[PDB]
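J.: Pasting a structure below so you can have a look.
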Amino acid sequence: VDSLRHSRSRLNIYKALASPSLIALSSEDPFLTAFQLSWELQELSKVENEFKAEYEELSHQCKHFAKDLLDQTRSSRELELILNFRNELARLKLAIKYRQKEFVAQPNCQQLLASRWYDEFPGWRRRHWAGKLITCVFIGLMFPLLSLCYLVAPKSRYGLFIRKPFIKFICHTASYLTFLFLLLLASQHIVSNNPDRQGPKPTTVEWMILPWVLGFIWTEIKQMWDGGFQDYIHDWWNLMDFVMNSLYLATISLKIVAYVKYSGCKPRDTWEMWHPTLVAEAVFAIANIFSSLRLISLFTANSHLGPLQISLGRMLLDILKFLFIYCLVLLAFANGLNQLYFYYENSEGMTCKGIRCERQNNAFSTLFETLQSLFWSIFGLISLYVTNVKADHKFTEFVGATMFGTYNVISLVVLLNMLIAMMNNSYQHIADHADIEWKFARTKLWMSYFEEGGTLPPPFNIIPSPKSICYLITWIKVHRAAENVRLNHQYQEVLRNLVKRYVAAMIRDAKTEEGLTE
Amino acid sequence: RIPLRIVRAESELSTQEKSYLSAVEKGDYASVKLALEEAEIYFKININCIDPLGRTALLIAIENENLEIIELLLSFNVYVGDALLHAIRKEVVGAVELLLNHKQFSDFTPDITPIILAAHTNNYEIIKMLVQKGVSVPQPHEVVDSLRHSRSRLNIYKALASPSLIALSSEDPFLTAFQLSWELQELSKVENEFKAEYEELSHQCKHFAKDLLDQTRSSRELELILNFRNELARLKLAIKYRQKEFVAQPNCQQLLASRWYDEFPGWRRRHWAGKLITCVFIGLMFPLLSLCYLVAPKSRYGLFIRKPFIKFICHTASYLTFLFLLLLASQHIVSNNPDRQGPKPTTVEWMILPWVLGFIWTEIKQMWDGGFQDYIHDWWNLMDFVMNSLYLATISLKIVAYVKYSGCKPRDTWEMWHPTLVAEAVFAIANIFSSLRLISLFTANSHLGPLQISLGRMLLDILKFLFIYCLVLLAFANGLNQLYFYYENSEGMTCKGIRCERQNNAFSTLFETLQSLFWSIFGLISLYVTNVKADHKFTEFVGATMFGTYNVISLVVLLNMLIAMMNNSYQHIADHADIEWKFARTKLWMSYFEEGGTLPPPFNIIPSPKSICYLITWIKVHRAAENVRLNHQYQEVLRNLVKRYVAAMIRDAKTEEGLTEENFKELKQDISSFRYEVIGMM
Amino acid sequence: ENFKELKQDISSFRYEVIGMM
Amino acid sequence: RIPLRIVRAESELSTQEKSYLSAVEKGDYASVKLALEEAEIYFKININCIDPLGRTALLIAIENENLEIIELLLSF
Ligand SMILES: CCCCCCCCCCCCCCCC(=O)OC[C@H](COP(=O)(O)O)OC(=O)CCCCCCCCCCCCCCC
Ligand SMILES: CCCCCCCCCCCCCCCC(=O)OC[C@H](COP(=O)(O)O)OC(=O)CCCCCCCCCCCCCCC
Ligand SMILES: [Ca+2]
Ligand SMILES: [Ca+2]
């Protein structure tokens with residue numbers, strides 16, 4: 001009934017709640033309160049988009065409180081108590097879920113996480129890059145042996161060696177590189193079948209590819225289950241994985257269909273369009289591109305290519321908005337050019353029609369062909385003589401050439417440079433939080449390799465376990481801890497000490513370090 | 001809703017405790033004395049009470065700069081605890097004086113000792129009075145509780161890298177600053193979680209060195225500083241430790257330029273025309289100067305090439321002569337005929353040969369006198385190594401072709417991988433590298449120098465970006481080859497690939513796909529390479545869509561991201577443009593100060609007067625009282641510079657500051673204590 | 001330096017007043 | 001480890017010197033006049049003493065904007 005008073009009062013009682021002093025004097029767990037409150041303020045900056053800025057600032061403040069409350073730790077045992085509070089590292093996973101980038105990227109958190117990342121490799125900081133490279137290649141090369149040992153004897157001196165997060169990250173990376181090299185071999189004439197064969201009866205390389213595909217699909221299914229479907233799609237790499245595995249499923253199904261419907265062989269030139277085998281090769285090639293692009297996500301692990309890859313991923317949204325505007329410009333000029341040129345569509349003579357031919361014939365004679373012509377015009381791949389017709393109509397040709405020239409001016413010397421300008425503005429800010437965001441991403445990647453589940457790489461992922469039927473049959477068959485209180489009190493003492501230190505060192509001394517006004 | 005209650009704030013103060021702490025706040029000496037004397041007959045006060053936010057009575061008096069109340073409180077035996085540490089952290093010299101001679105929760109990490117915290121504050125008076133007592137700081141190692149260990153190491157490196165502590169101790173502050181900056185730089189690699197912090201510390205050390213050298217008032221004293229242990233030894237040491245600010249100090253550069261010319265008074269007041277004429281003049285007679293230094297290296301002209309600028313001009317002239325010889329090597333007027341296997345090298349190549357041998361000899365000498373780690377730190381040195389390897393390959397391949405192909409036949413009929421053909425190829429690549437070795441001679445120029453250095457400083461971001469682009473390229477190459485390898489065609493065409501008039505198979509092999517996608521980013525691949533000799537419009541459309549998506553990703557997304565990253569890089573790089581360029585120019589200049597490496601490469605390979613004495617003997621292996629005098633004279637110089645530095649950047653720079661809220665609180669407290677005294681004594 | 005001057009003026013004022021009464 | 005000792009900071013002040021320089025710091029005209037008049041019968045004070053960071057009595061009074069003490073010090 002009074003929107004102004006209501007919104008203002010809500011802002012006033014959220015700015016009060018998100019106060020380090022009030023969170024320190026009250027709120028049994030300041031860490032949980034800070035996380036929840038930052039999340040709530042972030043959501044309100046979407047709901048209340050007129051006060052968005054203000055709410056965002058408040059949210060940010062909460063985040064720093066968490067960080068600055070964790071910087072008051074003086075011991076690794078106390079910090080471990082803070083981070084392992086309710087399998088393990090539970091409070092850190094909670095921080096990851098609430099997107100507390102500053103809390104995660106705190107130096108002591110990262111130091112503890114790296115110590116848990118190596119677990120058998122004292123050094124790797126004082127070691128020279130040569131020995132690092134040799135040993136990573138070495139362990140990657142014998143990834144299948146390590147996985148085999150974990151299959152058969154997952155308790156020996158070698159079966160537990162893959163249990164170490166860095167070792168199993170190397171093993172998964174090696175298995176993925178093996179997969180990609182198999183995709184490369186799939187396009188070599190030395191290990192392929194002949195092209196004049198409908199229903200190819202898949203070769204040895206494709207057979208070896210198949211276990212990787214099944215393992216990838218199984219891993220994606222497990223992620224979709226253990227984590228839900230909302231958090232699953234928040235990662236764009238997960239969407240790319242879903243598309244990749246859908247495409248590989250399509251490849252398998254189309255190959256199967258072609259094998260059970262096309263038992264004959266005939267030269268490929270005479271095949272008909274939309275042949276199941278042809279579509280199978282097409283979708284397999286698209287899936288190959290996506291599989292090989294899934295290799296850029298393994299650079300969050302690298303301190304040199306990590307911040308860069310994260311920042312490039314952070315510029316994409318501006319690219320998408322700009323490309324939406326460009327698509328509208330493209331559609332406008334396509335509509336105009338097609339309207340001008342569709343009366344002179346020509347077939348007699350030429351045997352290949354379109355712009356994908358040596359002599360680029362009809363380029364604006366259909367809307368689809370116009371769209372392709374205007375797309376390839378921005379890379380200079382459309383010649384200037386496509387604006388002509390087989391008549392002496394110099395006026396229509398001149399008008400068409402002027403539409404085409406205006407489209408090139410708008411897109412190549414106006415919009416493209418505006419894109420450069422917007423990207424520069426974006427990268428000014430993005431590079432400020434480059435280390436924080438990259439360390440958040442690397443923490444997510446690292447933490448994905450801390451669990452016992454998902455230890456074997458995909459080729460060995462699909463192996464009937466020792467039971468293999470016990471957790472399979474039973475899964476569908478649905479249709480006195482006094483340590484808890486002790487842990488809670490010990491955490492309470494830790495938290496008391498941290499809040500005391502925080503009040504002393506950032507409320508009492510930081511206020512003193514100020515600038516006196518009039 | 002939300003009832004609010006106190007948590008984790010247990011202790012609250014009685015009325016007497018609040019009154020006594022408020023008296024200590026206001027500076028009321030009479031009230032504090034009264035409450036403290038009433039704290040011994042019948043205590044009932046808890047003399048060591050703690051206010052909210054901690055802030056004990058002794059600590060309150062410390063925060064108020066009230067020395068009278070501090071002496072009184074100590075006279076009544078209060079628990080000082082960390083009083084010394086809060087006094088030091090606040091830079092309170094009087095309280096530090098009182099608490100230094102006086103016979104669980106804390107605001108300080110238990111590894112913090114008084115001297116460490118004092119050195120953190122960089123206050124010279126407190127550090128001075130702590131050192132006299134006999135404190136010491138732990139020594140960390142070269143380079144169970146990870147948090148405590150890392151934090152303690154950082155605390156004792158931030159203390160060590162303190163201008164006040166380096167000035168009060170450390171017999172040679174210059175050596176200490178150099179070594180400490182180097183150590184902190186290495187630790188910013190080992191301890192990559194605290195990297196930033198260590199880097200900042202390292203930077204601070206560097207400035208100390210610079211600001212300790214800015215306190216020189218005489219060129220003789222500065223020469224003593226820089227020539228300390230042939231000559232300019234301490235400057236070479238600064239170069240080795242990468243002390244860019246120390247090297248780029250204006251007085252260092254002025255002295256270095258004076259040693260750079262040595263016969264050319266002027267060159268600052270001279271017009272560019274005379275400069276150009278005389279440089280061309282001396283370059284033109286470089287061979288005569290080198291000849292004189294060969295035969296009579298003591299005459300009025302044999303010593304003329306000994307001057308660093310003259311010999312830099314001579315080396316540049318010899319290099320330009322070499323490059324012009326490479327240009328002549330590709331002219332049909334001074335070459336042999338192409339239909340000749342085993343060419344029997346022409347006159348131009350013969351004249352090229354001494355330059356090649358001299359270049360190889362120079363690179364060998366650099367690899368020796370300087371080691372192999374410092375040698376490869378320079379990228380120009382790697383380029384030189386590749387260049388000379390390529391020229392060695394050229395000579396060897398020409399020799400092989402001369403002793404295996406004595407016949408002549410038309411070139412069109414030659415076979416691939418012919419030694420002569422490979423010789424020409426590697427020679428051409430070496431020509432490119434030789435001609436690119438000419439960009440390094442622009443660090444000597446004040447206009448093209450900072451630019452060339454900055455462009456060299458952007459390359460690393462280019463390499464990271466190009467690694468990402470290579471992955472994108474490999475992804476789309478894999479996809480396109482997978483789509484197109486079934487339509488590989490041979491019948492008809494006689495030239496296959498994209499390097500032909502009618503660009504045939506472009507994605508039919510992985511190598512050809514890689515080339516197609518590489519040349520696609522310059523628009524040199526036509527659109528009709530995505531077609532096949534069949535009516536399969538679906539596969540052609542899918543291939544054209546892979547190709548179009550690759551062009552969108554690479555030409556309008558990645559390329560612009562590269563522009564953005566380069567812009568961000570160049571914002572920062574251009575800030576330290578002069579400093580880095582002057583460092584690079586100092587390195588270039590200093591490379592021409594020695595007696596070794598004086599003759600240019602064509603004359604470098606000449607049997608010396610002995611030519612066998614240092615050759616035979618080199619393999620046959622299988623009472624200086626001036627030193628102490630130099631050391632003491634340097635010590636006096638260093639004493640004066642440290643005195644000046646303390647006076648002019650510790651005493652005056654601290655004064656030039658901005659007063660915080662604590663200064664207003666101190667002023668108010670002084671007025672209140674004055675008020676209470678006056679009212680109480682009348 | 002201005003805060004130091006102010007503090008010094010107050011202290012000298014204080015010493016005069018205390019010493020003359 | 002790393003025992004720390006004073007280098008290149010030779011001169012240290014006696015108790016009377018510190019008291020007199022502290023009086024000049026605080027602006028104490030009576031104490032400075034007394035110590036300066038006791039610096040002529042039996043000197044034992046080194047009227048021109050130098051504090052750490054230099055900062056001589058005259059220079060101290062200059063830094064404190066105290067003109068009365070400056071006139072007195074010049075008068076002696
Ligand atoms: C440095 C790069 C500068 C880019 C070029 C600037 C154009 C300068 C004028 C060129 C004229 C010379 C040709 C004359 C002969 C002729 O008739 O040629 C006309 C030419 C080509 O036609 P012909 O080949 O048939 O002659 O076409 C054009 O010149 C069209 C230019 C229009 C410019 C539009 C710019 C408006 C900005 C866009 C707004 C941004 C958002 C829009 C999205 C909704
Ligand atoms: C101002 C410059 C703007 C650049 C152009 C924007 C593209 C707009 C859409 C064009 C569509 C028109 C053609 C329609 C007909 C057709 O089918 O044509 C499709 C065309 C060409 O195919 P055809 O010639 O066979 O028709 O191909 C494409 O359109 C592909 C566009 C995909 C865009 C990808 C952008 C994603 C950003 C990359 C992420 C960065 C990192 C990635 C590395 C891992
Ligand atoms: Ca996934
Ligand atoms: Ca070299």
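For the structure tokens, the naming scheme is as follows: chains receive sequential letters (A, B, ...) according to their order of presentation, residues are indexed from 1 within each chain, and ligands are indexed from 1 in presentation order.
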Which chain D residues are at most 9 Å from chain B (counting only C-alpha atoms), as a ChimeraX atom specification?

T.: /D:1-9,52-55

J.: Would you save the residues of that selection, restricted to N, CA and C atoms, as an mmCIF file, in the first residue's frame?

T.:
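Written output follows (selection_2.cif):
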data_model
loop_
_atom_site.group_PDB
_atom_site.id
_atom_site.type_symbol
_atom_site.label_atom_id
_atom_site.label_comp_id
_atom_site.auth_asym_id
_atom_site.auth_seq_id
_atom_site.Cartn_x
_atom_site.Cartn_y
_atom_site.Cartn_z
ATOM 1 N N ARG D 1 69.259 -16.932 16.796
ATOM 2 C CA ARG D 1 69.966 -16.685 15.547
ATOM 3 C C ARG D 1 69.926 -15.207 15.195
ATOM 4 N N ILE D 2 70.857 -14.784 14.345
ATOM 5 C CA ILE D 2 71.007 -13.398 13.896
ATOM 6 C C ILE D 2 71.035 -12.480 15.116
ATOM 7 N N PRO D 3 72.134 -12.429 15.865
ATOM 8 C CA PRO D 3 72.238 -11.426 16.929
ATOM 9 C C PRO D 3 72.315 -10.030 16.334
ATOM 10 N N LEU D 4 71.543 -9.113 16.905
ATOM 11 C CA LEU D 4 71.386 -7.777 16.352
ATOM 12 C C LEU D 4 72.128 -6.773 17.219
ATOM 13 N N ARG D 5 73.001 -5.996 16.591
ATOM 14 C CA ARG D 5 73.842 -5.035 17.280
ATOM 15 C C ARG D 5 73.817 -3.713 16.535
ATOM 16 N N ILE D 6 74.061 -2.633 17.274
ATOM 17 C CA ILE D 6 74.055 -1.304 16.684
ATOM 18 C C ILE D 6 75.290 -1.116 15.819
ATOM 19 N N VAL D 7 75.081 -0.586 14.621
ATOM 20 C CA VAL D 7 76.153 -0.177 13.730
ATOM 21 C C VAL D 7 75.871 1.268 13.343
ATOM 22 N N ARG D 8 76.937 2.024 13.089
ATOM 23 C CA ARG D 8 76.866 3.379 12.537
ATOM 24 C C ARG D 8 75.842 4.267 13.252
ATOM 25 N N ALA D 9 75.702 4.084 14.563
ATOM 26 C CA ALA D 9 74.850 4.921 15.409
ATOM 27 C C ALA D 9 75.595 5.304 16.682
ATOM 28 N N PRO D 52 68.788 10.967 18.733
ATOM 29 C CA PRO D 52 68.665 10.077 17.576
ATOM 30 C C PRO D 52 67.892 10.771 16.468
ATOM 31 N N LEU D 53 68.232 10.421 15.231
ATOM 32 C CA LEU D 53 67.747 11.101 14.032
ATOM 33 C C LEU D 53 68.226 12.546 13.965
ATOM 34 N N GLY D 54 69.345 12.856 14.614
ATOM 35 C CA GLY D 54 69.846 14.215 14.649
ATOM 36 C C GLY D 54 69.064 15.064 15.623
ATOM 37 N N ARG D 55 68.276 15.992 15.096
ATOM 38 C CA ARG D 55 67.220 16.659 15.846
ATOM 39 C C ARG D 55 67.786 17.331 17.106
#

J.: Dump the neighbourhood of ligand 4 as a ChimeraX atom specification: all residues within 12 Å, distances computed on only C-alpha atoms and all ligand atoms.

T.: /B:358-370,372,374-388,437,440,587-588,591,597

J.: Collect all residues with atoms no farther than 10 Å from ligand 3, counting only C-alpha atoms and all ligand atoms, and output them as a list in words.

T.: residues 216, 217, 219, 220, 221, 222, 223, 224, 232, 233, 235, 236, 237, 238, 239, 240, 241, 242 and 294 of chain A

J.: Grab the residues selected above and save them as an mmCIF file, in the first residue's frame with N, CA and C atoms.

T.:
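Full text of again_25.cif as output:
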data_model
loop_
_atom_site.group_PDB
_atom_site.id
_atom_site.type_symbol
_atom_site.label_atom_id
_atom_site.label_comp_id
_atom_site.auth_asym_id
_atom_site.auth_seq_id
_atom_site.Cartn_x
_atom_site.Cartn_y
_atom_site.Cartn_z
ATOM 1 N N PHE A 216 31.734 -41.619 -19.889
ATOM 2 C CA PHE A 216 31.376 -40.206 -19.845
ATOM 3 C C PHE A 216 29.896 -40.031 -19.557
ATOM 4 N N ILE A 217 29.055 -40.826 -20.220
ATOM 5 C CA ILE A 217 27.617 -40.745 -19.988
ATOM 6 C C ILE A 217 27.290 -41.131 -18.554
ATOM 7 N N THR A 219 29.268 -40.888 -15.913
ATOM 8 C CA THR A 219 29.706 -39.810 -15.039
ATOM 9 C C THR A 219 28.721 -38.653 -15.062
ATOM 10 N N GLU A 220 28.224 -38.300 -16.245
ATOM 11 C CA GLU A 220 27.279 -37.195 -16.320
ATOM 12 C C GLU A 220 25.967 -37.545 -15.631
ATOM 13 N N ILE A 221 25.518 -38.796 -15.753
ATOM 14 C CA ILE A 221 24.318 -39.230 -15.039
ATOM 15 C C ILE A 221 24.523 -39.122 -13.532
ATOM 16 N N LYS A 222 25.671 -39.586 -13.043
ATOM 17 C CA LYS A 222 25.931 -39.512 -11.608
ATOM 18 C C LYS A 222 25.971 -38.068 -11.125
ATOM 19 N N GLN A 223 26.592 -37.173 -11.895
ATOM 20 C CA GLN A 223 26.578 -35.761 -11.518
ATOM 21 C C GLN A 223 25.163 -35.201 -11.504
ATOM 22 N N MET A 224 24.354 -35.549 -12.508
ATOM 23 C CA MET A 224 22.974 -35.076 -12.536
ATOM 24 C C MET A 224 22.186 -35.589 -11.342
ATOM 25 N N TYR A 232 23.371 -28.439 -11.310
ATOM 26 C CA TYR A 232 24.088 -29.119 -12.380
ATOM 27 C C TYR A 232 24.232 -28.225 -13.604
ATOM 28 N N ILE A 233 23.169 -27.500 -13.971
ATOM 29 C CA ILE A 233 23.203 -26.661 -15.166
ATOM 30 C C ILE A 233 23.798 -25.288 -14.910
ATOM 31 N N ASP A 235 26.775 -24.795 -14.116
ATOM 32 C CA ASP A 235 28.066 -24.886 -14.777
ATOM 33 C C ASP A 235 27.851 -25.030 -16.278
ATOM 34 N N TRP A 236 28.494 -24.165 -17.060
ATOM 35 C CA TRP A 236 28.332 -24.240 -18.506
ATOM 36 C C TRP A 236 29.076 -25.430 -19.092
ATOM 37 N N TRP A 237 30.185 -25.828 -18.471
ATOM 38 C CA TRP A 237 30.867 -27.042 -18.893
ATOM 39 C C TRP A 237 29.958 -28.253 -18.775
ATOM 40 N N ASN A 238 29.030 -28.237 -17.822
ATOM 41 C CA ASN A 238 28.092 -29.344 -17.686
ATOM 42 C C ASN A 238 27.106 -29.375 -18.844
ATOM 43 N N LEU A 239 26.654 -28.207 -19.292
ATOM 44 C CA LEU A 239 25.812 -28.155 -20.479
ATOM 45 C C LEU A 239 26.568 -28.652 -21.701
ATOM 46 N N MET A 240 27.838 -28.269 -21.827
ATOM 47 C CA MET A 240 28.638 -28.760 -22.943
ATOM 48 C C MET A 240 28.803 -30.274 -22.881
ATOM 49 N N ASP A 241 29.013 -30.817 -21.682
ATOM 50 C CA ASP A 241 29.106 -32.264 -21.525
ATOM 51 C C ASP A 241 27.806 -32.947 -21.912
ATOM 52 N N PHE A 242 26.673 -32.364 -21.524
ATOM 53 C CA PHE A 242 25.392 -32.959 -21.875
ATOM 54 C C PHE A 242 25.206 -32.991 -23.386
ATOM 55 N N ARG A 294 36.310 -29.606 -24.467
ATOM 56 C CA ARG A 294 36.246 -29.934 -23.048
ATOM 57 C C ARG A 294 37.629 -29.991 -22.412
#

J.: Which chains and residue numbers are within 7 Å of ligand 2, counting only C-alpha atoms and all ligand atoms, if I want them as a PyMOL selection string?

T.: (chain A and resi 293+296+316+323+326-327+368+371-372+375-376+378+411-412+415-416) or (chain B and resi 472+541-546+548-549+552-553+556-558)

J.: So that I have them on file, write out the residues from the current selection with N, CA and C atoms, as a JSON list (two decimals), in the first residue's frame.

T.:
[["chain", "number", "residue", "atom", "x", "y", "z"],
["A", 293, "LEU", "N", 37.05, -29.47, -27.12],
["A", 293, "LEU", "CA", 36.93, -28.22, -26.38],
["A", 293, "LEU", "C", 36.78, -28.43, -24.89],
["A", 296, "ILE", "N", 39.73, -27.38, -22.44],
["A", 296, "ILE", "CA", 40.12, -26.07, -21.94],
["A", 296, "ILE", "C", 39.77, -25.92, -20.46],
["A", 316, "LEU", "N", 32.14, -13.70, -21.78],
["A", 316, "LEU", "CA", 31.26, -14.26, -22.79],
["A", 316, "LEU", "C", 29.88, -13.62, -22.76],
["A", 323, "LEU", "N", 26.13, -10.07, -29.66],
["A", 323, "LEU", "CA", 25.79, -10.92, -30.79],
["A", 323, "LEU", "C", 24.29, -10.98, -31.01],
["A", 326, "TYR", "N", 23.74, -7.93, -32.99],
["A", 326, "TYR", "CA", 24.23, -8.15, -34.34],
["A", 326, "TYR", "C", 23.29, -9.05, -35.13],
["A", 327, "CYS", "N", 22.70, -10.05, -34.49],
["A", 327, "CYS", "CA", 21.74, -10.90, -35.19],
["A", 327, "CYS", "C", 20.54, -10.10, -35.65],
["A", 368, "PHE", "N", 17.58, -17.94, -46.47],
["A", 368, "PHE", "CA", 18.67, -18.70, -45.88],
["A", 368, "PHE", "C", 19.99, -18.37, -46.56],
["A", 371, "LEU", "N", 21.14, -15.01, -45.48],
["A", 371, "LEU", "CA", 21.72, -15.06, -44.15],
["A", 371, "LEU", "C", 23.15, -15.56, -44.18],
["A", 372, "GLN", "N", 23.41, -16.61, -44.96],
["A", 372, "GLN", "CA", 24.78, -17.09, -45.09],
["A", 372, "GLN", "C", 25.68, -16.07, -45.77],
["A", 375, "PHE", "N", 26.49, -13.43, -43.32],
["A", 375, "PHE", "CA", 27.41, -13.94, -42.31],
["A", 375, "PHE", "C", 28.84, -14.01, -42.83],
["A", 376, "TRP", "N", 29.04, -14.58, -44.00],
["A", 376, "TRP", "CA", 30.39, -14.73, -44.52],
["A", 376, "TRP", "C", 30.95, -13.43, -45.05],
["A", 378, "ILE", "N", 31.29, -10.83, -43.34],
["A", 378, "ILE", "CA", 32.07, -10.20, -42.28],
["A", 378, "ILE", "C", 33.47, -10.78, -42.15],
["A", 411, "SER", "N", 28.65, -3.51, -39.63],
["A", 411, "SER", "CA", 29.12, -4.68, -38.89],
["A", 411, "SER", "C", 30.63, -4.73, -38.71],
["A", 412, "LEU", "N", 31.40, -4.37, -39.73],
["A", 412, "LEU", "CA", 32.84, -4.56, -39.70],
["A", 412, "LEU", "C", 33.61, -3.37, -39.18],
["A", 415, "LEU", "N", 30.09, -2.03, -35.49],
["A", 415, "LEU", "CA", 29.75, -2.96, -34.42],
["A", 415, "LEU", "C", 30.98, -3.69, -33.90],
["A", 416, "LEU", "N", 31.86, -4.14, -34.79],
["A", 416, "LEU", "CA", 33.02, -4.88, -34.33],
["A", 416, "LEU", "C", 33.88, -4.04, -33.39],
["B", 472, "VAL", "N", 41.93, -24.43, -29.33],
["B", 472, "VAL", "CA", 40.71, -24.23, -30.13],
["B", 472, "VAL", "C", 40.92, -24.74, -31.55],
["B", 541, "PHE", "N", 26.88, -28.52, -45.37],
["B", 541, "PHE", "CA", 26.38, -27.49, -44.48],
["B", 541, "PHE", "C", 26.97, -27.64, -43.08],
["B", 542, "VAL", "N", 27.10, -28.87, -42.59],
["B", 542, "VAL", "CA", 27.69, -29.07, -41.27],
["B", 542, "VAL", "C", 29.15, -28.64, -41.28],
["B", 543, "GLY", "N", 29.88, -28.94, -42.35],
["B", 543, "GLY", "CA", 31.26, -28.50, -42.43],
["B", 543, "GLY", "C", 31.39, -27.00, -42.51],
["B", 544, "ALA", "N", 30.53, -26.36, -43.29],
["B", 544, "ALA", "CA", 30.54, -24.91, -43.36],
["B", 544, "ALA", "C", 30.17, -24.29, -42.03],
["B", 545, "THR", "N", 29.35, -24.96, -41.23],
["B", 545, "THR", "CA", 29.02, -24.45, -39.91],
["B", 545, "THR", "C", 30.17, -24.63, -38.92],
["B", 546, "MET", "N", 30.89, -25.76, -38.98],
["B", 546, "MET", "CA", 32.12, -25.87, -38.20],
["B", 546, "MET", "C", 33.10, -24.78, -38.58],
["B", 548, "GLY", "N", 32.48, -21.86, -40.02],
["B", 548, "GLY", "CA", 31.99, -20.56, -39.61],
["B", 548, "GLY", "C", 32.07, -20.34, -38.12],
["B", 549, "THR", "N", 31.80, -21.37, -37.33],
["B", 549, "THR", "CA", 31.95, -21.25, -35.89],
["B", 549, "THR", "C", 33.40, -21.06, -35.51],
["B", 552, "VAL", "N", 34.10, -17.41, -36.22],
["B", 552, "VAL", "CA", 33.53, -16.56, -35.18],
["B", 552, "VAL", "C", 34.35, -16.63, -33.91],
["B", 553, "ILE", "N", 34.72, -17.84, -33.48],
["B", 553, "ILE", "CA", 35.47, -17.98, -32.24],
["B", 553, "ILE", "C", 36.82, -17.29, -32.34],
["B", 556, "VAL", "N", 36.46, -13.00, -34.35],
["B", 556, "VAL", "CA", 35.65, -11.96, -33.72],
["B", 556, "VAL", "C", 35.46, -12.19, -32.24],
["B", 557, "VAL", "N", 36.06, -13.23, -31.67],
["B", 557, "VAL", "CA", 35.95, -13.43, -30.23],
["B", 557, "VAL", "C", 37.35, -13.47, -29.63],
["B", 558, "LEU", "N", 38.16, -14.46, -30.01],
["B", 558, "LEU", "CA", 39.48, -14.58, -29.42],
["B", 558, "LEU", "C", 40.38, -13.41, -29.78]]

J.: Compare A:414, A:421, A:473, A:478 by their minimum atom-to-atom distance to ligand 1, counting only C-alpha atoms and all ligand atoms, and give me the closest one.

T.: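 With only C-alpha atoms and all ligand atoms as the atom set, the closest residue is A:414.
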